[PDB]
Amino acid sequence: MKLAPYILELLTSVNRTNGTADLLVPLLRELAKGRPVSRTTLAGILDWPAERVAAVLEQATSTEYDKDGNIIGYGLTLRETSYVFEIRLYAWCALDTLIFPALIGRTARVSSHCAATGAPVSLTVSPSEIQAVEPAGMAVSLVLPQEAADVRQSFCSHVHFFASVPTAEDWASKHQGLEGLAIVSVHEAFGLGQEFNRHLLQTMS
């Protein structure tokens, strides 16, 4: 798997803080209800002390909070982005939309616009496959996650959908200052997501 460096670095962003992996799925599953999630609700769901819940979250600097300090964004978010994820929620980046359905056990209708051209793109993402990929040649950009950097800025903001591989490569050609920038087909990107989830689940206690 020549996408192994991306999977390794993705999992690295999770495995480091002892609890992050075990907090992730429960949090996504809640956020998927479409409402803000309090630290005490989360703590109850995880059967953790609040101090532990707060520790893990403190490491996740990109976490989005509402006016009451309820969590509203952690990969999956209630606040509008370029990546629509209907089960109408939003995701931080293209790869998120490919990974989450398996983790939350739902099929999502995903839509966005090509980063290079603005053209509409959509697909349906289930826990096991992607279907109704429009356009058929849809592509995704990847960068290598940068350890300890803000994940939303260093990774998510560079991980897009494109109308086609050639269109994405043209775009990539003008952005070579990004670390480990790579263009893959959306089907390749989904497979990377599957590898990520398969490992993530093993590391969950």
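All residue numbers are counted from 1 along the displayed sequence.
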item	value
Gap size between residue 88 and residue 87, counted in deposited residues that the entry leaves unmodelled	1 to 3
Segment of higher mean CA temperature factor, 49-57 or 154-162	49-57
Given 130-138 and 94-102, the range whose Cα B-factors average higher in the PDB entry	130-138
Of the residues 144, 37, 168, 148, the one carrying the largest Cα B-factor as recorded	148
Top residue by Cα temperature factor, when 186, 182, 24, 192 are compared in the entry	24
Within-chain third of residue 64 by Cα B-factor, per the entry	lowest
